[PDB]
file entry-v8.txt (compact mmCIF, C-alpha atoms (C1' of nucleotides))
# COMPACT_ATOMS: atom_id res chain seq x y z
CA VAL A 492 -38.40 -17.74 -5.69
CA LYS A 493 -39.70 -21.15 -4.50
CA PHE A 494 -36.94 -23.09 -6.26
CA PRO A 495 -33.37 -24.02 -5.28
CA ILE A 496 -30.35 -21.95 -6.29
CA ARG A 497 -26.78 -23.07 -6.90
CA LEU A 498 -24.49 -20.46 -5.36
CA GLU A 499 -21.16 -22.27 -5.80
CA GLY A 500 -21.19 -21.41 -9.50
CA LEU A 501 -23.23 -18.26 -9.05
CA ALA A 502 -20.47 -16.24 -7.39
CA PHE A 503 -17.93 -18.26 -9.40
CA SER A 504 -19.62 -16.44 -12.28
CA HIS A 505 -20.96 -13.21 -10.74
CA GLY A 506 -18.54 -12.85 -7.80
CA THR A 507 -17.43 -9.67 -9.47
CA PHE A 508 -20.83 -8.51 -8.17
CA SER A 509 -21.11 -11.33 -5.60
CA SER A 510 -19.39 -13.01 -2.67
CA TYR A 511 -19.89 -16.45 -1.11
CA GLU A 512 -18.35 -17.51 2.18
CA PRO A 513 -19.46 -20.93 3.43
CA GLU A 514 -17.97 -20.43 6.89
CA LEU A 515 -19.53 -17.10 7.88
CA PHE A 516 -23.28 -17.18 7.16
CA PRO A 517 -24.94 -19.84 4.97
CA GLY A 518 -25.96 -17.82 1.93
CA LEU A 519 -24.37 -15.63 -0.72
CA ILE A 520 -23.63 -11.90 -0.64
CA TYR A 521 -24.37 -10.01 -3.86
CA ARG A 522 -23.21 -6.46 -4.63
CA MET A 523 -25.25 -4.49 -7.16
CA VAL A 524 -24.19 -0.92 -7.94
CA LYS A 525 -27.01 -0.34 -10.43
CA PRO A 526 -29.01 0.48 -8.49
CA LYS A 527 -26.91 0.21 -5.32
CA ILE A 528 -28.32 -2.63 -3.21
CA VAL A 529 -26.83 -5.69 -1.50
CA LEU A 530 -28.69 -8.93 -2.22
CA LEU A 531 -28.65 -11.66 0.43
CA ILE A 532 -29.06 -15.12 -1.03
CA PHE A 533 -29.77 -18.65 0.22
CA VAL A 534 -30.11 -22.24 -1.02
CA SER A 535 -33.90 -22.47 -0.86
CA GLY A 536 -34.24 -19.33 -2.99
CA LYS A 537 -35.60 -17.11 -0.19
CA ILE A 538 -34.00 -13.74 -0.90
CA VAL A 539 -33.69 -10.86 1.56
CA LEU A 540 -33.02 -7.47 -0.04
CA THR A 541 -32.05 -4.18 1.58
CA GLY A 542 -29.57 -1.36 1.40
CA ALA A 543 -32.12 0.65 -0.56
CA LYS A 544 -33.67 4.04 0.15
CA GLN A 545 -36.33 3.59 -2.52
CA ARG A 546 -39.14 1.07 -2.97
CA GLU A 547 -38.79 1.12 -6.76
CA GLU A 548 -35.08 0.25 -6.54
CA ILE A 549 -36.16 -3.02 -4.90
CA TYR A 550 -38.22 -4.20 -7.86
CA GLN A 551 -35.53 -2.79 -10.15
CA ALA A 552 -32.76 -4.98 -8.72
CA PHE A 553 -34.97 -8.01 -8.04
CA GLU A 554 -36.30 -7.70 -11.59
CA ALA A 555 -32.94 -7.36 -13.36
CA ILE A 556 -31.29 -10.15 -11.34
CA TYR A 557 -34.21 -12.58 -11.62
CA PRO A 558 -32.96 -13.59 -15.11
CA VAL A 559 -29.76 -14.63 -13.34
CA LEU A 560 -31.98 -16.69 -11.05
CA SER A 561 -33.67 -18.35 -14.02
CA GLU A 562 -30.18 -18.75 -15.47
CA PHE A 563 -29.03 -20.87 -12.52
CA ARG A 564 -31.62 -23.59 -11.86
CA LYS A 565 -31.66 -27.37 -11.68
CA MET A 566 -34.02 -29.92 -13.18
CA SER A 576 -43.09 -16.62 -11.08
CA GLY A 577 -42.16 -16.74 -14.75
CA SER A 578 -43.70 -13.43 -15.78
CA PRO A 579 -42.58 -10.05 -14.39
CA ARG A 580 -45.86 -8.55 -15.68
CA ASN A 581 -45.20 -4.82 -15.21
CA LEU A 582 -41.97 -3.56 -13.69
CA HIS A 583 -43.83 -1.02 -11.52
CA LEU A 584 -47.35 -1.81 -10.30
CA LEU A 585 -48.10 -0.25 -6.91
CA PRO A 586 -47.99 3.53 -6.36
CA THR A 587 -44.66 5.20 -5.71
CA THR A 588 -43.13 5.90 -2.32
CA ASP A 589 -43.83 9.64 -2.33
CA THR A 590 -47.52 8.80 -2.75
CA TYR A 591 -47.56 7.00 0.60
CA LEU A 592 -45.38 9.76 2.05
CA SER A 593 -48.07 12.20 0.91
CA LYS A 594 -50.79 10.00 2.42
CA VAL A 595 -49.41 11.31 5.73
CA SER A 596 -49.29 15.03 6.48
CA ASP A 597 -45.88 16.47 5.62
CA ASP A 598 -46.46 19.68 7.60
CA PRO A 599 -44.34 19.55 10.80
CA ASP A 600 -47.14 21.27 12.71
CA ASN A 601 -49.87 18.71 12.01
CA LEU A 602 -49.81 16.41 15.03
CA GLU A 603 -52.90 16.69 17.24
CA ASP A 604 -54.91 15.86 14.11
CA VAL A 605 -52.91 12.65 13.57
CA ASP A 606 -52.61 12.09 17.33
CA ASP A 607 -53.92 8.57 17.97
CA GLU A 608 -55.52 9.85 21.23
CA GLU A 609 -53.81 6.80 22.72
CA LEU A 610 -50.66 8.89 23.15
CA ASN A 611 -52.84 11.15 25.27
CA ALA A 612 -53.01 7.95 27.34
CA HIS A 613 -49.31 7.21 26.77
CA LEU A 614 -48.44 9.95 29.27
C1' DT B 1 -31.24 -44.99 29.89
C1' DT B 2 -30.41 -43.52 25.71
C1' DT B 3 -31.42 -41.56 21.73
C1' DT B 4 -33.81 -38.63 18.60
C1' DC B 5 -36.32 -34.60 18.66
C1' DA B 6 -37.12 -30.43 19.67
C1' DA B 7 -36.68 -26.35 21.18
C1' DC B 8 -35.00 -22.36 22.65
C1' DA B 9 -32.06 -19.39 21.99
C1' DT B 10 -28.71 -17.01 20.39
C1' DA B 11 -25.20 -15.35 17.17
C1' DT B 12 -24.15 -14.92 12.68
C1' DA B 13 -24.28 -10.06 8.22
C1' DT B 14 -26.50 -6.24 5.62
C1' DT B 15 -27.77 -1.21 5.97
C1' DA B 16 -28.19 1.91 7.82
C1' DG B 17 -28.46 6.08 10.61
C1' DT B 18 -26.33 8.43 15.45
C1' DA B 19 -22.71 9.72 19.46
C1' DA B 20 -19.91 8.61 22.44
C1' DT B 21 -16.49 5.94 24.31
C1' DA B 22 -13.01 3.30 24.33
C1' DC B 23 -9.11 1.29 21.95
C1' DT B 24 -5.64 0.11 19.02
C1' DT B 25 -2.78 1.14 15.78
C1' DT B 26 -0.01 4.35 13.04
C1' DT B 27 3.24 8.55 12.67
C1' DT B 28 6.30 11.77 14.48
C1' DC B 29 9.80 12.98 18.05
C1' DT B 30 13.48 13.08 21.32
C1' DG B 31 17.34 11.42 25.55
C1' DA B 32 54.64 -13.52 14.66
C1' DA B 33 59.73 -9.06 15.15
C1' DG B 34 61.69 -4.67 14.43
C1' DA B 35 61.11 0.36 13.56
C1' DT B 36 58.69 4.85 16.28
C1' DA B 37 57.85 7.48 20.40
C1' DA B 38 57.41 9.14 25.09
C1' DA B 39 58.91 9.73 29.08
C1' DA B 40 61.78 9.13 32.80
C1' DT B 41 67.22 9.90 33.42
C1' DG B 42 70.74 12.61 33.75
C1' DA B 43 74.55 15.55 32.64
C1' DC B 44 75.60 20.76 31.14
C1' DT B 45 75.42 24.89 31.67
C1' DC B 46 73.38 29.72 32.34
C1' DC B 47 72.75 32.05 35.73
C1' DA B 48 71.38 33.15 41.19
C1' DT B 49 73.75 34.91 45.45
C1' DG B 50 77.69 35.60 49.11
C1' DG B 51 82.73 35.94 52.00
call {"tool": "encode", "arguments": {"input": "entry-v8.txt", "output": "structure tokens"}}
result
Amino acid sequence: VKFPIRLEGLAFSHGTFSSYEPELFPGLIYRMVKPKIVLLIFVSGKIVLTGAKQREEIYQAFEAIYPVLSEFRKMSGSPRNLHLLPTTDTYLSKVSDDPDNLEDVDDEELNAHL
DNA sequence: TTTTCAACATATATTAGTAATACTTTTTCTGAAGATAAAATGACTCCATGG
């Protein structure tokens, strides 16, 4: 997010959905059930997000929680559209789903990988 | 020489999927004086044979 984040009050507020342990690991652990993703948090605002099977769920959680990020700040802005890029199944379809299509997608380098 | 850097690296935590092994647990599951008595003491007697 390119701005600092105060975690000590973050979990102290959201620790129902969050956890913060100074000893083990520097940042904060966040638990979101809706959708179900764990959000790994730091001081600088660099946020690592996983525990998701779906690309859309990422921007879902990141989106919904970003107002919590703007909530806790010390002294971008516009989400634009919630979903911009094509869905996941589009890029899954960009590759042949048929189990028997291989030699067509064979890189020809695997012919050299023997 | 010493100090600051740096730097290298490596855990550290998440979320998975396995799969397999090893490893701890847990949960069965058994292998003070004067009555009261108990017994040893002893006499009594039934009852044995024999001259």
call {"tool": "axis_aligned_box", "arguments": {"input": "entry-v8.txt", "around": "region 611-614 of chain A", "padding_each_side": "6 Å", "output": "JSON"}}
result
{"center_x": -50.7, "center_y": 9.2, "center_z": 27.3, "size_x": 16.6, "size_y": 15.9, "size_z": 16.0}
call {"tool": "residues_around", "arguments": {"input": "entry-v8.txt", "residues": "residue 581 (chain A)", "least_positions_apart": "3", "cutoff": "12 Å", "atoms": "all atoms listed in the file", "output": "ChimeraX atom specification"}}
result
/A:550-551,554,578,584-585
call {"tool": "atom_distance", "arguments": {"input": "entry-v8.txt", "atom1": "CA of residue 589 (chain A)", "atom2": "CA of residue 611 (chain A)"}}
result
29.1 Å
call {"tool": "atom_distance", "arguments": {"input": "entry-v8.txt", "atom1": "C1' of residue 11 (chain B)", "atom2": "CA of residue 546 (chain A)"}}
result
29.5 Å
call {"tool": "closest_residue", "arguments": {"input": "entry-v8.txt", "among": "A:519, A:513, A:537, A:542", "to": "chain B", "atoms": "all atoms listed in the file"}}
result
A:542
call {"tool": "closest_atom_pairs", "arguments": {"input": "entry-v8.txt", "of": "chain B", "to": "chain A", "cutoff": "12 Å", "atoms": "only C-alpha atoms (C1' of nucleotides)", "output": "tab-separated table"}}
result
residue	atom	partner	partner_atom	distance
B:11	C1'	A:516	CA	10.4
B:12	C1'	A:516	CA	6.0
B:13	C1'	A:516	CA	7.3
B:14	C1'	A:542	CA	7.1
B:15	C1'	A:542	CA	4.9
B:16	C1'	A:542	CA	7.3
B:17	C1'	A:544	CA	11.9
call {"tool": "atom_distance", "arguments": {"input": "entry-v8.txt", "atom1": "CA of residue 495 (chain A)", "atom2": "CA of residue 559 (chain A)"}}
result
12.9 Å
call {"tool": "decode", "arguments": {"input": "entry-v8.txt", "residues": "chain B", "atoms": "C-alpha atoms (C1' of nucleotides)", "output": "short mmCIF file (atom, residue, chain, number, x, y, z; two decimals), in the first residue's frame"}}
result
data_model
loop_
_atom_site.label_atom_id
_atom_site.label_comp_id
_atom_site.auth_asym_id
_atom_site.auth_seq_id
_atom_site.Cartn_x
_atom_site.Cartn_y
_atom_site.Cartn_z
"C1'" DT B 1 42.59 -3.20 15.33
"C1'" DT B 2 38.24 -2.15 15.75
"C1'" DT B 3 34.10 -0.91 14.28
"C1'" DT B 4 30.40 -0.40 11.11
"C1'" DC B 5 28.70 -2.49 7.20
"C1'" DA B 6 27.37 -5.85 4.75
"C1'" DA B 7 26.26 -9.87 3.44
"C1'" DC B 8 24.94 -14.24 3.29
"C1'" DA B 9 22.21 -17.09 4.84
"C1'" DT B 10 18.98 -19.10 7.05
"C1'" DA B 11 14.78 -19.70 9.79
"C1'" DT B 12 10.70 -17.79 10.84
"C1'" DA B 13 4.42 -18.72 9.04
"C1'" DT B 14 0.61 -19.23 5.64
"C1'" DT B 15 -1.64 -22.66 2.46
"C1'" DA B 16 -1.77 -25.87 0.72
"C1'" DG B 17 -1.75 -30.44 -1.35
"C1'" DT B 18 0.49 -35.74 -0.63
"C1'" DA B 19 2.35 -40.29 1.95
"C1'" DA B 20 4.86 -42.20 4.77
"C1'" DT B 21 7.21 -42.55 8.86
"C1'" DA B 22 8.03 -41.86 13.09
"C1'" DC B 23 6.47 -40.40 17.60
"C1'" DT B 24 4.09 -39.08 21.43
"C1'" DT B 25 0.34 -38.97 23.82
"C1'" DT B 26 -4.18 -40.73 25.24
"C1'" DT B 27 -7.40 -44.75 26.56
"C1'" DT B 28 -8.28 -49.25 27.97
"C1'" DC B 29 -6.71 -53.44 30.48
"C1'" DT B 30 -4.79 -56.72 33.61
"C1'" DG B 31 -1.16 -59.34 37.57
"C1'" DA B 32 -3.29 -48.03 82.28
"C1'" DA B 33 -6.31 -53.39 85.13
"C1'" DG B 34 -9.69 -56.89 85.22
"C1'" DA B 35 -13.06 -59.87 82.74
"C1'" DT B 36 -12.86 -63.88 78.57
"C1'" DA B 37 -10.81 -67.89 76.51
"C1'" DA B 38 -7.83 -71.67 75.18
"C1'" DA B 39 -5.19 -74.95 76.08
"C1'" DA B 40 -2.38 -77.69 78.73
"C1'" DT B 41 -3.31 -80.55 83.36
"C1'" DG B 42 -5.20 -83.98 85.49
"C1'" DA B 43 -8.44 -86.85 87.87
"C1'" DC B 44 -12.73 -90.17 86.84
"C1'" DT B 45 -14.54 -93.45 85.00
"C1'" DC B 46 -16.28 -96.64 81.17
"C1'" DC B 47 -14.69 -100.09 79.46
"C1'" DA B 48 -10.60 -103.58 77.45
"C1'" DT B 49 -8.55 -108.18 78.67
"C1'" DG B 50 -6.70 -112.21 81.79
"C1'" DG B 51 -5.49 -115.93 86.09
#
